[PDB]
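Here's the structure, in structure tokens; my notes come after.
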Amino acid sequence: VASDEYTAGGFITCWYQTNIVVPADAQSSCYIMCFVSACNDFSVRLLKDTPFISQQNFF
Amino acid sequence: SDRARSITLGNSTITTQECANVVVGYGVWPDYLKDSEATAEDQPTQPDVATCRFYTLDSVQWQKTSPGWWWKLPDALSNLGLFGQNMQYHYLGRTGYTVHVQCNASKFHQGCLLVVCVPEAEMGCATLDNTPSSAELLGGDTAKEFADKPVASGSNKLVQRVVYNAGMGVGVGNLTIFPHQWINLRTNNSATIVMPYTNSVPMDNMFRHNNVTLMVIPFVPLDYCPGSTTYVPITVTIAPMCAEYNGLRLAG
Amino acid sequence: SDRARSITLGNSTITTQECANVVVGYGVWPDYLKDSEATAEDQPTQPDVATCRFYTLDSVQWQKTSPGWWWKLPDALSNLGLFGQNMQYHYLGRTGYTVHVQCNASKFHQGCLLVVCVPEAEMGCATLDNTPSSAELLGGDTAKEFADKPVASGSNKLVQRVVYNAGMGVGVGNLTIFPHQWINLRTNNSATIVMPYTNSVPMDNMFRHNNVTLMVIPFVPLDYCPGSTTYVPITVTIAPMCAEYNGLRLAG
Amino acid sequence: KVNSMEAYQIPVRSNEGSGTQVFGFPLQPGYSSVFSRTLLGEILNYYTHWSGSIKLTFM
Amino acid sequence: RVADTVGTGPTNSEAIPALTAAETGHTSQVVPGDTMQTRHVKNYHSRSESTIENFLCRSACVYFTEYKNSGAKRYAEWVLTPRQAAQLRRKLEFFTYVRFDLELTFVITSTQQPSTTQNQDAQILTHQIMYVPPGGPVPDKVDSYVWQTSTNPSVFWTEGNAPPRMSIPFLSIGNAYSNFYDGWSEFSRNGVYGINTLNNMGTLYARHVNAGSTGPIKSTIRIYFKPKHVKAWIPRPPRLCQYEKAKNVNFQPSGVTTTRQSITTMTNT
Amino acid sequence: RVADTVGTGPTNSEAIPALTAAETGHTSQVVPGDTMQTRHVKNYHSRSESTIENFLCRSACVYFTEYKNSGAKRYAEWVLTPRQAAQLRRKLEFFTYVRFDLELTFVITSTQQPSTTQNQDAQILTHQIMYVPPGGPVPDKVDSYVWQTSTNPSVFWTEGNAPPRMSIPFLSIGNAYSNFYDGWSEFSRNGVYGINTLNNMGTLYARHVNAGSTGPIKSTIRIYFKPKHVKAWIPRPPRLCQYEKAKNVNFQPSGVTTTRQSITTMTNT
Amino acid sequence: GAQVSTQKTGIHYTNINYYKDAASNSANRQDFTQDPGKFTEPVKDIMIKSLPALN
Amino acid sequence: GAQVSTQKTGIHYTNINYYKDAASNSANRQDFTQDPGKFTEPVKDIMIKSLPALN
Ligand SMILES: O=C(O)c1ccc(NS(=O)(=O)c2ccc(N3C(=O)c4ccccc4C3=O)cc2)cc1
Ligand SMILES: *C(=O)CCCCCCCCCCCCC
Ligand SMILES: *C(=O)CCCCCCCCCCCCC
């Protein structure tokens with residue numbers, strides 16, 4: 001899960017295969033939204049504390 | 001429904017939303033060489049999924065005046081992947097192709113392309129007592145272009161490129177006996193041809209014989225009104241089918 | 001009879017008249033990866049007869065004082081044939097080897113070599129707070145040589161090469177637990193070891209891990225009287241076995 | 001962009017030629033800036049190891 | 001658990017598994033063999049570490065308090081909540097409703113305090129921890145009648161032994177504890193917001209049962225909660241912001257993610 | 001196990017078991033009855049002490065660290081490796097690949113430190129040892145929020161009891177731990193050599209949970225590894241040289257053996 | 001009244017309950033049933049991959 | 001669910017596993033299978049003693 005170069009993942013990139021083509025009176029700027037999820041062959045192992053919650057004193 | 005298509009070869013996948021079916025050759029689908037048609041006595045190399053997968057070539061702009069383009073098939077993939085590294089280490093090989101040409105434009109654009117795969121397209125020279133050089137016929141994934149006016153006769157090794165003779169001295173409107181589809185912008189945005197291996201010998205060296213030539217020719221020019229996109233590319237994607245290689249030697 | 005041997009892999013054939021049998025690994029013969037041990041989900045490339053065939057490396061002279069030589073296995077074939085062109089286009093691969101070492105001399109010469117294939121031979125550095133560079137460990141089909149005297153400690157990225165520690169800090173006479181044969185000049189002129197794939201992972205990248213190292217070490221020096229041939233070469237020949245590659249990408 | 005909704009949006013537009021890149025990020029959920037605070041990525045900072053396939057969807 | 005990859009060959013078909021509509025609110029069920037040629041792999045991986053009764057079933061320190069055998073602060077008071085400490089709280093708030101049994105474990109330590117007392121000589125300390133269910137008498141001093149423990153659960157622990165532990169049932173009046181409440185307890189919709197009585201589970205008191213020494217000793221009790229027999233319903237996005245208060249969901253606005261140089265760069269900043 | 005000697009009489013035969021070719025890389029299978037007249041002996045000897053799960057399955061001290069209840073060095077940090085200490089390390093490096101489960105056992109002791117503090121009077125010490133899997137928060141002080149241990153394994157131990165112990169599974173991402181790595185982790189083949197992430201298995205932290213005394217106490221924790229359920233592959237020549245570093249195989253060149261006077265002398269020097 | 005169950009492996013163990021309350025029992029570690037189809041695919045119509053999601 | 005096995009002698013003992021993980025079990029001491037023929041005799045051709053190793 002953490003950064004190591006022995007278990008590097010690879011790179012995910014996107015390119016124009018063909019230009020965005022629009023007619024007159026339609027915006028030539030558009031957006032894409034991306035989603036991510038696991039498949040049904042996915043698994044995780046070995047519990048540990050998350051680095052993403054902290055405190056300095058009791059709330 | 002009938003317009004959706006997906007083709008999976010190796011890593012690659014192509015998906016289209018507008019499709020005119022797939023044309024298959026002369027009704028012959030690519031296959032490996034039989035042992036009752038083979039001549040060479042060595043065991044073939046068959047790399048499989050390292051050669052047989054889609055490769056995108058460079059795009060080329062379709063302009064209001066554009067005459068057309070051509071690519072000669074084994075020598076347009078000769079620098080690409082392990083397809084290019086098996087054909088310079090081997091003396092022989094045979095393969096079919098799946099050629100997919102893409103070109104998308106709005107519903108306010110118009111134009112028509114003819115996409116043909118022409119077996120053994122031998123092309124004339126501007127000067128009539130010379131033959132073309134290999135730097136005027138072969139790109140390498142860059143497209144060569146036709147002309148709309150005759151090529152002047154000098155002391156040339158130039159190709160005689162004119163759209164209406166197709167660079168071969170034939171009517172261009174009769175190229176429809178070759179496996180073909182049209183990309184008409186108000187209907188479809190892609191064309192798929194599947195060529196089988198066509199030759200008069202069972203395998204052949206691929207660095208001095210080009211057994212197919214793809215040509216994309218506008219028959220109706222691109223037209224649109226002010227305010228529309230002015231840049232419309234045409235991308236060509238080509239996958240080997242059932243590639244074999246025989247006669248392993250040194251590179252060159 | 002028992003001394004004649006022939007090994008055929010692809011184009012290549014090796015023939016010997018003096019042979020000490022063939023040593024096979026740990027009693028395991030090379031095989032393809034199973035689907036119950038595989039992790040990677042893509043279809044493998046298996047080139048077959050374009051990778052799995054004998055490749056001769058450069059010869060190296062055996063002199064009266066010579067300490068020994070080593071070659072690190074996937075990175076000694078990395079510039080050779082289509083073996084070298086499949087391991088730079090793929091992220092993964094696994095292969096066994098057949099290593100054949102030749103060295104012929106008259107019946108008036110004497111000497112003895114130990115030929116070992118050593119899994120994961122990690123080698124020390126002359127300076128004790130540095131590790132060796134990759135230009136001191138890896139040849140490319142040129143042999144690296146041992147030394148007979150300690151390497152002085154500077155500010156080095158040099159390997160600590162001494163024959164008697166084998167560059168690993170172990171007794172050199174205990175390298176006989178690794179698959180091995182001896183070339184004793186009064187008996188035999190060749191040695192054959194067949195290594196299976198040894199790793200703790202099912203496939204591994206081959207451009208940053210060397211999973212075997214061949215070493216040829218004189219235990220009895222070359223000796224002959226005046227009038228005999230003074231130049232005796234040692235040639236190494238190495239063939240991949242059941243090579244697979246997975247993870248097709250760009251070259252590099 | 002992280003202090004807005006513009007983070008989630010990926011620009012694409014009509015441009016001259018094609019074969020220009022749109023985005024690139026490395027595969028390594030639970031480390032990468034892109035993936036560490038996604039729903040997948042936060043069930044993966046409680047674990048040391050991960051395996052399996054991941055599917056990106058684009059809209 | 002984990003499913004096996006199935007081999008696939010070339011396709012050219014009217015099937016389009018890759019194309020989908022993500023507007024439908026449905027996560028696509030595409031597997032790798034759909035989009036490419038794969039080999040058949042047997043998987044022996046399991047999803048046994050990602051069970052809810054593995055994720056939440058480890059002891060976690062929720063609070064600690066101090067009390068002395070002299071002067072002021074003779075005892076410690078704490079109202080049981082798993083919301084004083086960040087780490088446990090965040091894990092439970094992957095869910096809206098949870099139901100579990102506690103196991104309390106107490107780590108009680110003592111430390112000699114600086115003084116000018118000559119000839120200190122501590123006897124072993126014995127500590128009493130008293131659980132008081134909602135309502136009923138509350139001790140107002142060390143040496144009140146409430147420490148009789150006639151009907152309040154209580155444990156006594158002498159130093160240098162194993163930590164005490166006790167199990168607590170599921171004590172809610174509801175059918176699950178709620179980690180979020182979008183309402184008021186008053187019908188007027190005035191007063192405190194997000195306050196509910198489904199999560200009441202008494203108060204804990206702790207004291208020394210003897211002052212062993214003539215000098216001052218200060219003890220620290222640490223409380224550990226371990227959920228067990230867990231069931232959980234309705235999952236929620238993880239907390240992105242730092243917590244501020246233990247009774248509120250209040251937050252300082254935080255950016256979505258950390259930055260990087262470009263949308264094509266392969267490193268973090 | 002051990003085989004029985006078989007009786008043999010005189011020979012005069014075309015059989016030649018004694019003669020062999022050692023160039024073939026084959027160890028001869030000659031037994032004593034081949035070369036001489038022997039009697040029949042029944043052997044009842046066994047090879048049960050030379051099993052790999054006897055050889056490697058004894059506790060061995062790998063490291064020890066110190067920490068104090070005052071001043072600097074309030075806690076101890078150690079990255080788990082069996083390569084700090086010579087004796088265990090050498091035994092595992094009879095093999096290239098090993099696979100085992102650990103059992104950690106901790107011997108924690110405390111020693112009063114010289115001071116001019118008048119009227120010291122320690123309370124019993126309680127120690128916390130916290131295992132942190134690779135990645136995740138690292139304590140940067142005694143009294144950080146990382147010692148909450150919401151999801152990190154942890155033990156607490158009061159003095160004068162039995163040593164703590166815990167079992168650890170086989171934690172490799174590979175199918176075996178590797179004791180040797182002939183490569184770089186980088187694709188450029190630059191940086192550190194022989195460094196791999198197959199042998200990661202977190203970091204260990206240890207502290208006092210209370211300062212019992214007014215005076216200074218320093219503790220020492222010693223970690224013991226005991227392999228169990230062992231499997232091992234590919235044997236290697238034993239280490240001949242002394243180890244120098246814990247991350248390298250680096251060595252000072254050492255002679256093959258110790259000397260003696262002549263090649264006919266029957267004593268060592 | 002002992003239960004015998006299988007251990008987590010890449011044998012069996014024995015357990016007896018000693019207390020009269022079922023909140024005193026050890027945690028249930030080996031329950032591995034799951035059903036992701038409530039949160040993935042909550043759609044009323046059945047989605048078939050290899051067919052258009054929207055006709 | 002007890003196992004009964006023989007002791008090392010020049011009787012029998014009883015063992016029960018108490019934990020739900022198979023990495024908590026006591027060490028396997030009594031596995032005595034062996035096969036030295038991988039490291040001795042790794043040769044492809046079968047060597048027969050009482051016959052020449054090399055013809
Ligand atoms: O060690 C842990 O288990 C432990 C340590 C810190 C922790 N959470 S924290 O937010 O970092 C925190 C940090 C310090 C204190 N804190 C003190 O250190 C202290 C000293 C004296 C009186 C009151 C207090 C007090 O509230 C409380 C909480 C939880 C548990
Ligand atoms: C079923 O429970 C009977 C099986 C044999 C029981 C052995 C009991 C072990 C010792 C008593 C445990 C009692 C706990 C209150
Ligand atoms: C099979 O296991 C039943 C045989 C009789 C068991 C006696 C059990 C001894 C006492 C309980 C040990 C329980 C460990 C969790």
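By convention in this document, chain letters (A, B, ...) are assigned in the order of the sequence lines, proteins followed by strands, and residues within each chain are numbered from 1. Atoms considered below: every heavy atom in the structure, side chains included; atoms not considered: hydrogens, waters and symmetry mates.
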- Query: Do E/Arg165 and E/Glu103 meet the salt-bridge criterion of a basic N to acidic O distance under 4.0 Å?
  - Reply: yes
- Region of F/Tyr145 in contact with chain E, defined by heavy-atom distances below 4.5 Å: both
- Check: F/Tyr63 side chain, F/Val79 main-chain N or O, donor-acceptor pair, under 3.5 Å: no
- Task: Below 4.5 Å from any heavy atom of chain F, which atoms of E/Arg222 appear? Answer side chain, backbone, both or neither.
- Result: side chain
- Can you find a pair of side-chain heavy atoms, one from F/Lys247 and one from F/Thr81, that are under 4.5 Å apart? yes
- Task: Please flag which part of E/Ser115 lies under 4.5 Å from any non-hydrogen atom of chain F: side chain, backbone, both or neither.
- Result: neither
- Are the side chain of E/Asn43 and the backbone N or O of E/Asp4 linked by a donor-acceptor pair below 3.5 Å? no
- Message: Between E/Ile217 and chain F, with a heavy-atom cut-off of 4.5 Å, which part of the residue counts as in contact: side chain, backbone, both or neither?
- Response: side chain
- Item | Geometric class of the F/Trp184/F/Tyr193 ring pair [parallel <30°, tilted 30-60°, perpendicular >60°] | tilted
- Out of F/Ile124, F/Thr158, F/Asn161, which one racks up the most heavy-atom pairs below 4.5 Å with chain E? F/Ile124
- Query: Do you know which of E/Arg99, E/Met201, E/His229 makes side chain to side chain contact (heavy atoms under 4.5 Å, CB included) with E/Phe170?
  - Reply: E/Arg99
- Message: Under 4.5 Å from any heavy atom of chain F, what part of E/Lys226 do you find: side chain, backbone, both or neither?
- Response: neither
- Item | Heavy-atom pairs under 4.5 Å with chain E, option from F/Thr149, F/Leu125, F/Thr117 with the top count | F/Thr149
- Under 4.5 Å from a heavy atom of chain F, the part of E/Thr220 involved: neither
- Note on the structure: Scored by heavy-atom pairs under 4.5 Å with chain F, the best of E/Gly215, E/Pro114, E/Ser59, E/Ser219 is E/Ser59
- Query: Are the aromatic ring centres of E/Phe225 and E/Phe100 under 6.0 angstrom apart?
  - Reply: no
